[PDB]
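Inspection log for the structure reproduced underneath, given as C-alpha coordinates.
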Amino acid sequence: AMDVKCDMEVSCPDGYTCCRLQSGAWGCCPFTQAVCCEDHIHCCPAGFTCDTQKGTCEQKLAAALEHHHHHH
(Lines of atoms letter the chains of each structure in order from A and count residues from 1; the text may use other names and numbers.)
(Lines give C-alpha, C1' and ligand atoms only; values in the text may rest on other atoms or scores of the structure.)
Protein backbone atom coordinates (compact mmCIF):
# COMPACT_ATOMS: atom_id res chain seq x y z
CA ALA A 1 0.00 0.00 0.00
CA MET A 2 3.09 2.21 0.25
CA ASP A 3 4.72 1.13 -3.01
CA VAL A 4 3.95 4.43 -4.75
CA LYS A 5 3.47 7.93 -3.34
CA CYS A 6 2.89 11.38 -4.82
CA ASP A 7 3.65 13.34 -1.65
CA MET A 8 3.96 13.12 2.14
CA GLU A 9 0.19 12.94 2.66
CA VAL A 10 -1.09 10.54 -0.01
CA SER A 11 -0.91 6.80 -0.65
CA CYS A 12 -1.57 5.51 -4.17
CA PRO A 13 0.28 2.19 -4.82
CA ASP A 14 0.22 -0.09 -7.87
CA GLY A 15 -2.85 0.36 -10.03
CA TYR A 16 -3.15 3.91 -8.75
CA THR A 17 -2.23 7.17 -10.48
CA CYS A 18 -0.99 10.46 -9.04
CA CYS A 19 -2.92 13.48 -10.31
CA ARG A 20 -2.78 17.00 -8.88
CA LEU A 21 -6.01 18.79 -7.98
CA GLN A 22 -7.19 22.11 -6.56
CA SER A 23 -7.96 20.42 -3.25
CA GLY A 24 -4.48 21.56 -2.24
CA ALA A 25 -3.37 17.94 -2.52
CA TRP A 26 -2.86 14.95 -4.83
CA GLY A 27 -5.29 12.35 -6.14
CA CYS A 28 -5.11 8.56 -6.39
CA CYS A 29 -6.67 7.03 -9.50
CA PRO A 30 -7.09 3.21 -9.20
CA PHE A 31 -7.04 2.51 -12.94
CA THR A 32 -4.78 2.01 -15.96
CA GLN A 33 -5.46 4.33 -18.92
CA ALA A 34 -5.65 7.99 -19.96
CA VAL A 35 -4.99 9.55 -16.55
CA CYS A 36 -6.91 12.77 -15.86
CA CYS A 37 -8.14 12.75 -19.46
CA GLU A 38 -10.85 11.43 -21.79
CA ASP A 39 -14.02 9.84 -20.43
CA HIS A 40 -14.44 6.52 -18.58
CA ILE A 41 -12.59 7.33 -15.34
CA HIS A 42 -10.87 10.69 -14.94
CA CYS A 43 -8.88 11.65 -11.84
CA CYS A 44 -10.42 15.09 -12.30
CA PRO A 45 -13.74 16.20 -10.69
CA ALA A 46 -15.17 16.44 -14.24
CA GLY A 47 -15.45 19.58 -16.33
CA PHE A 48 -11.69 19.48 -16.85
CA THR A 49 -9.66 18.26 -19.83
CA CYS A 50 -6.07 17.01 -20.02
CA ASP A 51 -3.51 19.58 -21.15
CA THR A 52 0.27 19.83 -21.56
CA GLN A 53 -0.03 16.52 -23.42
CA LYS A 54 0.70 14.99 -20.02
CA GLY A 55 -2.74 14.82 -18.46
CA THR A 56 -3.45 18.07 -16.61
CA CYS A 57 -7.17 18.55 -15.98
CA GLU A 58 -8.12 22.23 -16.01
CA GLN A 59 -11.45 23.15 -17.60
CA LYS A 60 -12.49 22.34 -21.17
CA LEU A 61 -9.70 22.82 -23.71
CA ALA A 62 -9.03 20.22 -26.42
CA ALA A 63 -7.57 17.19 -24.64
CA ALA A 64 -3.93 16.45 -25.51
CA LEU A 65 -3.09 19.62 -27.44
CA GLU A 66 -0.47 18.96 -30.12
CA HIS A 67 -1.29 21.84 -32.47
CA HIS A 68 -0.97 25.61 -32.14
CA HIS A 69 -3.56 27.36 -34.31
CA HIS A 70 -7.22 26.34 -34.08
CA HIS A 71 -10.69 27.75 -34.75
CA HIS A 72 -13.71 26.51 -32.79
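Each position is counted from 1, following the chain as shown.
If you're wondering, the header gives solution NMR.
Placed from the backbone N, Cα and C atoms, the Cβ positions cover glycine too.
Here is what Swiss-Prot records for this protein:
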DISULFID  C6-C18  disulfide bond
DISULFID  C12-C28  disulfide bond
DISULFID  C19-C36  disulfide bond
DISULFID  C29-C43  disulfide bond
DISULFID  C37-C50  disulfide bond
DISULFID  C44-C57  disulfide bond
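What the PDB entry records for this protein:
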SEQADV    60-72  expression tag
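Helix, strand and coil counts from DSSP across the expression tag (60-72) read 0 helix, 0 strand, 13 coil. Looking only at the disulfide-bonded residues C6, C29, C36, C43, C44, the one with its C-alpha closest to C50 (disulfide bond) is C36. Relative to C37 (disulfide bond), the disulfide-bonded residues with Cα atoms inside 10 Å are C43, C44, the candidates having been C6, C18, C43, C44. Put simply, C12 (disulfide bond) is 15 Å from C36 (disulfide bond) when counted between their Cα atoms. For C12 (disulfide bond), the nearest neighbour among the disulfide-bonded residues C29, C43, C44, judged by Cα separation, is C29. A distance of 7 Å separates the Cα atom of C29 (disulfide bond) from that of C18 (disulfide bond). Residue environment of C36 (disulfide bond) contains 24 other Cβ atoms, counted within 10 Å of its Cβ in all protein chains. Its own atom aside, the Cβ of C37 (disulfide bond) has 22 Cβ atoms within 10 angstroms in the protein chains shown. The least crowded of the disulfide-bonded residues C12, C29, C43, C44, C50, judged by other CB atoms within 10 A of its own CB, is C29. A Cα-Cα distance of 8 Å separates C6 (disulfide bond) from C19 (disulfide bond).
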